[PDB]
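1. need the 3D shape of this:
(2 chains, ligands or ions: 6)
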2 protein chains.
Amino acid sequence: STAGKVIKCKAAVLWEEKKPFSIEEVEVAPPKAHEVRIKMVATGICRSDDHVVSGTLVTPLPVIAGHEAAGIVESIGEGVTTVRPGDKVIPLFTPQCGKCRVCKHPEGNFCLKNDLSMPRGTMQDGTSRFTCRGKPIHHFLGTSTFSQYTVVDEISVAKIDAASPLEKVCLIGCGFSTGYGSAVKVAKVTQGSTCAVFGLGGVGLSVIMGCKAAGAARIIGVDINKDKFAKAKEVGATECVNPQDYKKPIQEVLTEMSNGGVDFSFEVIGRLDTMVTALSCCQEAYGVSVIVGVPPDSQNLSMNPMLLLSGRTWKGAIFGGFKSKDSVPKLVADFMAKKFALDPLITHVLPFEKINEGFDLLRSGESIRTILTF
Amino acid sequence: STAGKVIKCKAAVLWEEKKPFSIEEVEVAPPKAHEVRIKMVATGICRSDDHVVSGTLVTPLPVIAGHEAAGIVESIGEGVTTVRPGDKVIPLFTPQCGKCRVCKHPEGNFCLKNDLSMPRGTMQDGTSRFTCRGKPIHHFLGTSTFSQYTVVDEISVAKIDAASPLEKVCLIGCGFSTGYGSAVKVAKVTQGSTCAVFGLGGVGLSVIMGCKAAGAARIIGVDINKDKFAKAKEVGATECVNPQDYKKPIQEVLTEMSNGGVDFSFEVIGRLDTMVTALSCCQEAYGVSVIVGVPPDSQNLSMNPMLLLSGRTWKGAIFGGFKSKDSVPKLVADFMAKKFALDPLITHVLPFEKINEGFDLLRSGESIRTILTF
Ligand SMILES: NC(=O)c1ccc[n+]([C@@H]2O[C@H](COP(=O)([O-])OP(=O)(O)OC[C@H]3O[C@@H](n4cnc5c(N)ncnc54)[C@H](O)[C@@H]3O)[C@@H](O)[C@H]2O)c1
Ligand SMILES: NC(=O)c1ccc[n+]([C@@H]2O[C@H](COP(=O)([O-])OP(=O)(O)OC[C@H]3O[C@@H](n4cnc5c(N)ncnc54)[C@H](O)[C@@H]3O)[C@@H](O)[C@H]2O)c1
Ligand SMILES: [Zn+2]
Ligand SMILES: [Zn+2]
Ligand SMILES: [Zn+2]
Ligand SMILES: [Zn+2]
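-> Numbers count the residues shown, from 1 in each chain, chains lettered A, B, ... in the order given. Ligands and ions are numbered 1, 2, ... in the order given. Here you go, the structure:
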């Protein structure tokens, strides 16, 4: 195994929408200017990949999805100084350039050179690295980790502790940092406060873990699928409310149940109705609603601005407000100190060739996170 | 003059919408328990009164509007311990009871016993005091000051110092505290930041005064009426942009002028497309847009939630985040130290009987504030 050879490995190429991930053979180019090629170890299955295959994230197809992962650097670029081959890394959902306008600001992680505002499906030089049956396959958000080998940039890769169990640590890359960081850093949950969480996936259970870590008194988990409440109460949900039980709207349910509205509210579903709902179930004068789940594309809201004008605050968060190269090594380093229990997010551990199976476990609602070990 | 007699005095009663303020003879009942009856001195003309006569604030009419005022306590009710007859006070657009859930929160001024979320047009005993030709006339948000005498509550009145020129100090009651407080307290404008202000009335010029007072580098004033730019540059507007000059949409005008969007943005107009515009002209990762102007009633927005989801923050503010009985005496006390120059808001000083004239100066765009001295 040399450093500048093209690797024929296996990947899960998605060709067009509403079709299964075709696990096929791809050629992977060596690292060009300021790149890192990663032997991939464990890759989580996020709902954003289901947003790719369902069509609510418009990315240029054919694509290799996957952004929630950890791996080992196997070949290195020409001038990169952060990582060297052999050490465990996490591919970063949002890069940290260090030179841009956002990266020099005290708050703000959404770098200007990411791939989510205007998705090009490629790397920052303009050219892809995956070729499958002679045609190029697009990347996904600069990580594209549904393969045995991926190629990322230096600014979108994070060096983590060398003794990290990657099958669990791969959740720091997208899901847990989004939820936990959305609770403790974006919303800034104060002690004794009352929180509401809309959606109990890996992100929502991470929100409950963050609100419990910030010392919230009541944490209210709101979800249709009632089985997930049995998970939510073990990570901090003191109350659990199903919208399908109540013919009254759930705005007024969380209003009367939490004495006029919750203090902090979170929407991790990704639907517009629960965005407006999660805003309107806050307190009218000091409520903070954080949008976490991504909406379907080219679709707007219908929102009464008086809901904001009485005193609410309505934020958003990508990767939980965490500057990635700065916060991922200290979140894995804080996982070393057992600060958070990352085990209740993982429900299924499957090999890579069963990848569609994992997505069925994501689409039938029978799983929280399905880890793809390689 | 005694303390418990019904007083015939002149007022500007608005009977039904889209009609002039009929200045007629009203009777004012004496103040009941925990109420204050005020010799009114000077009453400013706000755009929210034009929102009453235009129909975008659904209140129960016939109503005596007007909330920007300063007066003298002339008779007192029982149980009132704060103010005593003879001292200058300011009626409060939003009360501060001190016992509610909002009034014990560190941030949040929107008290639960106000009259703006569910407007009843009366006081907390459910009973008005203005009778005109035998029929009762409704209050306006518990501070109905288009009359020579008025009756407010103890929770909705603020004792100011005895040496205050009320013809200028009456703008602390609604307008200036909304603008200045929206800049320095709700948005928390940091040192050297870049601000944008949509609308250059009394509230918008107060926003510019607050952003300059918090040390903003660039303050961009955006308004259709170009004459108002000649006022805005004397209170801090380093740049001034007209949307009517630019055939390109003003969102990417403010994005191109401020290199990716302004740091803080403010919408003090009170209309929906400028709210979505003022949100979208912030920075994608650390922008804060504050809604100030009240929208038309029961009309929603059409807003792309990705604008919030990249990292923006979208707030609102009634009375600029100021707890009223706590902040009005220290804002008049800070007017004593000449901390802010309140003269450039006042453009016209008219008597009360010319009140419709002042509203014409509000509706033709030829004035900033029209003070109604008695
Ligand atoms: N902002 C970010 O950076 C970021 C990062 C990761 C994921 N996400 C987004 O988070 C979203 C969900 O991710 P996930 O990990 O939580 O998986 P998930 O979709 O399985 O969890 C969402 C839950 O919402 C519930 N749901 C659907 N409709 C509902 C309704 N009316 N009321 C209540 N609940 C309802 C579902 O039961 C589901 O359990 C996705 O859209 C993903 O894109 C955002
Ligand atoms: N939140 C609060 O507590 C509070 C308090 C006082 C006033 N207000 C609201 O503030 C709003 C107006 O306040 P004001 O005192 O400045 O009155 P104003 O009418 O003098 O200011 C409005 C300005 O908006 C501008 N305008 C209209 N359309 C525009 C457009 N497309 N683009 C740019 N500018 C446009 C007008 O030129 C005007 O200068 C009102 O809705 C009023 O109710 C809110
Ligand atoms: Zn993910
Ligand atoms: Zn950056
Ligand atoms: Zn006003
Ligand atoms: Zn109160």
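
2. for ligand 3, what's the nearest residue on the stretch 51-200 of chain A?
-> Taking Cβ to the ion, ligand 3 has its nearest neighbour within the stretch 51-200 of chain A at residue A:174, 3.2 Å off. Every C-beta, even on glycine, is put in place using the N, C-alpha and C of the backbone.

3. any idea how far that residue is from ligand 5?
-> Distance, residue A:174 to ligand 5, by Cβ to the ion, to the nearest Å: 47 Å.

4. any idea how far that residue is from ligand 1?
-> Using Cβ to the nearest ligand atom, to the nearest Å, residue A:174 is found at 5 Å from ligand 1.

5. out of everything not next to it in sequence, what's closest to that residue?
-> Once flanking residues are discounted, residue A:174 sits nearest to residue A:68: 3.6 Å by Cβ to Cβ, 6 or more residues apart in numbering or on different chains.

6. do residue A:58 as well
-> In space, residue A:58 is closest to residue A:297, 4.9 Å off (Cβ to Cβ, 6+ apart).

7. tell me the bridge partners for residue A:71.
-> residue A:40, residue A:89 (DSSP bridges).

8. which residues of the stretch 1-150 of chain A fall in strands?
-> For the stretch 1-150 of chain A, the strands defined by DSSP state E, counting those that start in this stretch cover A:7-14, A:22-28, A:35-44, A:63-64, A:68-76, A:88-91, A:130-132, A:135-137, A:149-153.

9. show me what counts as buried in the first one.
-> In other words, strand A:7-14. Within strand A:7-14, the residues scored as buried using 16 or more other Cβ atoms under 10 Å in any protein chain shown are A:7, A:9, A:10, A:11, A:12, A:13, A:14.

10. the fifth one too?
-> Judged by neighbour count using 16+ other Cβ under 10 Å, the buried positions of strand A:68-76 are A:68, A:69, A:70, A:71, A:73, A:74, A:75, A:76.

11. got the residues of chain A near ligand 1?
-> Residues of chain A lying near ligand 1 by Cβ under 6 Å from any ligand atom: A:46-48, A:51, A:174-175, A:178, A:198-204, A:222-225, A:228, A:243, A:268-271, A:274, A:292-294, A:317-319, A:365.

12. one more pass at 5 Å, please.
-> Chain A has residues A:47-48, A:178, A:199, A:201-204, A:223-225, A:268-270, A:292-294, A:318 near ligand 1, with proximity defined as Cβ under 5 Å from any ligand atom.

13. quick one: the strands in the stretch 151-300 of chain A?
-> Counting by DSSP E, counting those that start in this stretch, the strands of the stretch 151-300 of chain A are A:157-159, A:194-198, A:218-222, A:239-241, A:264-267, A:288-291.

14. got the residues of the stretch 151-300 of chain A near ligand 3?
-> Applying Cβ under 5 Å from the ion, we find that the stretch 151-300 of chain A lies next to ligand 3 at residue A:174.

15. indicate the residue of the stretch 151-300 of chain A located nearest to ligand 5.
-> Nearest to ligand 5 in the stretch 151-300 of chain A, going by Cβ to the ion, is residue A:285, at a distance of 18.6 Å.

16. what residues are up against that residue?
-> Residue A:285 makes contacts with A:310, A:311, A:312, B:102, B:105, B:108, B:109, B:110, B:111, as judged by Cβ atoms under 8 Å, 6 or more residues apart in numbering or on different chains.

17. let's see if you can find the most crowded of these.
-> residue B:109 (29 neighbours; other Cβ atoms under 10 Å in any protein chain shown).

18. which non-adjacent residue is nearest it?
-> residue B:323 (4.9 Å).

19. list the contacts of the one you found.
-> Neighbours of residue B:323 in contact, by Cβ under 8 Å, 6+ apart: B:96, B:103, B:109.

20. how far away is the residue of the stretch 201-350 of chain A found nearest ligand 4 from residue A:109?
-> At 8.4 Å from ligand 4, residue A:323 is the closest residue in the stretch 201-350 of chain A, using Cβ to the ion. Using Cβ to Cβ, to the nearest Å, residue A:323 is found at 5 Å from residue A:109.

21. got any residues that touch both of those two?
-> Common contacts of residue A:323 and residue A:109 (Cβ under 8 Å, 6+ apart): residue A:96.

22. now the residue nearest to residue B:109: how far from residue B:98?
-> Note on residue B:323: its distance to residue B:98, by Cβ to Cβ, is 9 Å.

23. what does residue A:297 give?
-> 48 Å.
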